[PDB]
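Novice: before I ask anything, here's the sequence and the deposited coordinates:
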Amino acid sequence: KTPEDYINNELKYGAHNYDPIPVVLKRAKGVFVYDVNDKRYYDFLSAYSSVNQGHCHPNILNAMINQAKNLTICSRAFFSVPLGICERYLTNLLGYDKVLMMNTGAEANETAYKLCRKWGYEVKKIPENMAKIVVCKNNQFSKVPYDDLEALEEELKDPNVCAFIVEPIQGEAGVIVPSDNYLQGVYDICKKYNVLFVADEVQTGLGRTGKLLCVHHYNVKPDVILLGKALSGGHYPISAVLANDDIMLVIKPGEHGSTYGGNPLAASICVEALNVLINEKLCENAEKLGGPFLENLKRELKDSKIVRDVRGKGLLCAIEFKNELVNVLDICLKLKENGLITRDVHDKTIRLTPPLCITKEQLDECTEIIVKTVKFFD
Amino acid sequence: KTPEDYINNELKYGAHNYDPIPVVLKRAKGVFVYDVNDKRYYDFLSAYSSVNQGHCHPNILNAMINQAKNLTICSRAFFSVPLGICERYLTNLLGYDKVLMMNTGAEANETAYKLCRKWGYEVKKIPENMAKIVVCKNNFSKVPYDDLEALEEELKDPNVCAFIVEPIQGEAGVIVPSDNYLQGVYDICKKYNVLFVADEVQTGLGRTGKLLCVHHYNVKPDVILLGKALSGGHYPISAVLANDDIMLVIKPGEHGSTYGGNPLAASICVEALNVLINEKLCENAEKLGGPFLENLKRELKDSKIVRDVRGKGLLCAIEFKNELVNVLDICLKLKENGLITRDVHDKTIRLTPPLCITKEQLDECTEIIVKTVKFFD
C-alpha cells in the first residue's frame, strides 16, 4: 500500500504508545534503510546501537539460521549447549569472571540493582532494607548530578551505599560526554568507600565510541558492566551483566523467571554478532572516522544561529539546537526528506548515531545532508 | 564434551541464577529434544508453552529467515511494514480492536498494570492515585482463587480498576477452577465496572484445546495477555489486547524496550499463529487431551503417592503426596525413562507436551509416567 495506508492501519489496530517519524520501512542493509516507496535513507539512529554491525548482517543471520534449525528454546529448567559457549566467550573477551544473560536493557538494569543490593547485604554487611543505589540525574535510590565528583563523594560517605551506576556518556540526556578524569574520579571514590562501580555500556559499548567498552578510553575497570543492544546485531533482544566472582557469586538459584534469558538462539547470535564487530574492526572504524566527522560538523555549523553545541565521541554524536529558535521535530522531518533519518531528545538534541561500518565518503555525504538541513532553518 | 563438562563450564563462567535438571540439550524437533549423548527425550515442558507448535517448526524458521533477510529492527522511532500486518492479524483472530506488542511476559504484566490504572483514572474517574488492582493468591490487593464470594467483597471497592486472573493457575500447580468461576468473574466485573483481565500467556494459543482458555466458558474478558507460543519459541514475544474504549487511554511518551513491536517478531508471530491454526493444533489438544488424562487417572488410581491428576486439553499435571515422595527425584527418574519436565512447589509435575503430539506418542508417555510413578510406589 502507500506510507499513509500502513500508518493508518497501525493507528487502527495497534495501541498508540508511540508517535514515530512517518517513514515506513521495509528493508535495510548496512548503513541504509528503504521505505515502501523505495526511497533510501541513511539510518543515523542504528536502532539505538542495536545495529552497530550494520542492518541485516549476513554472517549474523547465518549464525541465527544455523542455530535455529537445531534448537531455539528449552527454558532454564534444562541446560543447552550454546549458553556456556557464549558465557565463556563474553567473559574471556571482556575480562570478567562471570556473565548473566538476559533479553532487554531494563532487565539488565533490574538484575544489576538486585545484584548490587545483595552484595551490599551479603558482603558489605549493610543492615537489611538499607542498601542504597546511587544514580545520576537525567539517567532505595539517590541521585547526583552527572560529571560531579564532589557530589559523588558526599553520597558515598554514607556506609549504606552499595553501588553507583553511571553511563560513560549519557545518552537520553542528549549525548553528554563527561570531562576527562571523571571516570577515574568515579573509580577512585567507589574504591575509597567500598562501593560497586557499575558502568552502563548498553548504549556506549561494543564499538559505538570506538572501543569495546567506552570505559576503555579512560583505562578504568568497573566492578560491574551492563551490555545490550549491539550484542545481537539487532537480530534478537540480548543483554548481559558481567562481574567477577566476588560479586556475582552472591546470586543463587530460585530467583524469579523470564524464560527467554540465556536461550540457545540468543547465545549463538551473540557470539557471532561480536565476532563480526571484532573481525571487521568496527571499533577501529568508529574511532578513526568519528573524530574527523565531528570536527567537520563543528566547523561547518560554527556560526549557525540555531546550533547550540556539537558533541560526541567515536560515532556517538549529537547536535544540540536552540529550541526557542527552531522546531527540532521539523529539523528531523527535513533531515528525512533529504535522505537521513534520526530522532531528537528533549525537543533539543538530534542523535547522530550511524552504523559503525559507515565509510568516510558516506560520512562526507551525510555531513552535507545535515549542513544543508541546518542552513534551511537559519 | 560430556554433560558434566558443559554443566561445570556454565558454573564457572555464568551466574548461578538457576539450578536446572542436569540434561544438556543440543537439538530439538517437534515433540522431542536430544542431549549431548544423542539421547532422545519427550519434552513435557514445551519451554512453558513457547513450543506449542513443536520445537524448530520449519515454517516458522522460514518466516524468520524471510523477514530477517530484509529487516530485523529499526526502533519505534520509525514505522515498519510487518508490525501493522501482525496487529491486524492478531486483533481479527481474537476479536479485540487493538493490540500492544512487547517481548516478555513481565513486560505484558507491567503494561497491563499501567493500562488498567490509567483506564481507572480517565474512564472510571477513580480519585488521584487510588486505583487498585486485584490479583489471586499464588499467581494491589490479593484474593483467593476460585473464590467467587471473596472476589465480590473486594471489587465492591470503587477504587478497584481491574481484576487479573489466569483461567488455570499454572505456577500454583495447574489449578483448574470450577465452571462458572469465569462466568461469575465476568458478571461481577461487569457489575462493579472493573476490567476483567485474563492472563492467557500460559493457557492461550491451543494449550488447553482452544485459542484462549476463556473460550471454553464463552466469557469475553476486557483485556487479554498473550505470550510464549506467540513466537513458536523463536523470539520473545508478548501482547496485550483490549478494545478501543480501554486501549485508547495509552498516549505516546513512555518507552519500554526498543525491541517491542519489531519487524522480525511481527513476522515470526503471524506464522506461529498460522501454524497453530492451519495444523489444527488446538483441535489436536482438545481431542487427545481428555483420553490421555482419563488413562492417567485410572492407571494411577491405586497409587498411594498420587494425590491428584488434573488439567484441560494438554495442560495437565499430577500432584503428589509430598510426605511420601521427593518430587524432584520423580523428575530425575522421568528423565532417566526419556521424559523431561519440572515440578512446582515440590509436589506437582507439569505434563505439557507440544500440541503436535500424536495419540501413539502420548500412549508411550503414559506408560513412561506410570512406570516411573510405580518405582516410587
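Specialist: Noted; the coordinates are in hand. Numbering: from 1, shown residues only, chains lettered A, B, ... in the order given.

Novice: mind giving me the domain split of chain A?
Specialist: Domain segmentation of chain A under curated CATH domains yields A:1-56+A:281-378, A:57-280.

Novice: okay, those domains in TSV with mean neighbour count next?
Specialist: Any C-beta I mention is one placed from the backbone N, CA and C, and that applies to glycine too. Output for the domains of chain A, formatted as TSV (neighbours: other Cβ atoms under 10 Å in any protein chain shown):
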stretch	mean neighbour count
domain A:1-56+A:281-378	19
domain A:57-280	21
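
Novice: tell me the angle of the helix or strand hosting residue A:90 relative to strand B:24-29?
Specialist: Secondary structure from DSSP states H and E places residue A:90 in helix A:81-94. Interaxial angle, helix A:81-94 versus strand B:24-29 (axes from the mean of the first three to the mean of the last three Cα atoms, to 10 degrees): 130 degrees.

Novice: in TSV: the domains of chain A, plus distance to chain B.
Specialist: Formatted as TSV, the domains of chain A follow (distance: least, Cβ to the nearest Cβ, whole Å):
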stretch	distance to chain B
domain A:1-56+A:281-378	4
domain A:57-280	4
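
Novice: and the nearest residue to residue A:367 once chain neighbours are set aside, which of the three is it?
Specialist: In space, and not counting its chain neighbours, residue A:367 is closest to residue A:296: 5.4 Å by Cβ to Cβ, 6 or more residues apart in numbering or on different chains. Classification of residue A:296 using DSSP: H, G, I helix; E, B strand; the rest coil returns helix.

Novice: ok, now how distant is the residue sitting nearest the centre point of chain A from residue B:328?
Specialist: With distances taken as Cα atoms, centre = their mean, the residue of chain A nearest its centroid is residue A:203 (1.3 Å). Distance from residue A:203 to residue B:328, counting by Cβ to Cβ, to the nearest Å: 42 Å.

Novice: one more: residue A:307?
Specialist: In terms of Cβ to Cβ, residue A:307 sits 65 Å off from residue B:328.

Novice: same question, residue A:224
Specialist: 33 Å.

Novice: then residue A:227?
Specialist: Separation of residue A:227 from residue B:328 (Cβ to Cβ): 34 Å.

Novice: again with residue A:347
Specialist: Residue A:347 is 56 Å from residue B:328, by Cβ to Cβ.

Novice: still on that earlier bit, wait, what's in contact with the residue lying closest to the residue nearest to the centre of chain A once chain neighbours are set aside?
Specialist: Among residues not flanking residue A:203 along the chain, residue A:171 sits closest, at 4.5 Å (Cβ to Cβ, 6+ apart). Residue A:171 is in contact with A:48, A:203, A:204, A:316, counting by Cβ atoms under 8 Å, 6 or more residues apart in numbering or on different chains.

Novice: now residue A:225
Specialist: Neighbours of residue A:225 in contact, by Cβ under 8 Å, 6+ apart: A:94, A:96, A:198, A:199, A:201, A:205, A:213, A:215, A:240, A:241, A:242, A:243.

Novice: helix or strand for it, just tell me which one.
Specialist: In this structure, residue A:225 sits in strand A:224-227 according to DSSP H and E.

Novice: partners of that strand in the sheet?
Specialist: strand A:196-200 (parallel), strand A:239-243 (antiparallel) (DSSP bridges).

Novice: what does the last one rub up against?
Specialist: In other words, strand A:239-243. Here strand A:239-243 makes contact (Cβ under 8 Å, 6+ apart) with A:90-91, A:94, A:96-105, A:107-108, A:111-112, A:115, A:202, A:223-229, A:231, B:15.
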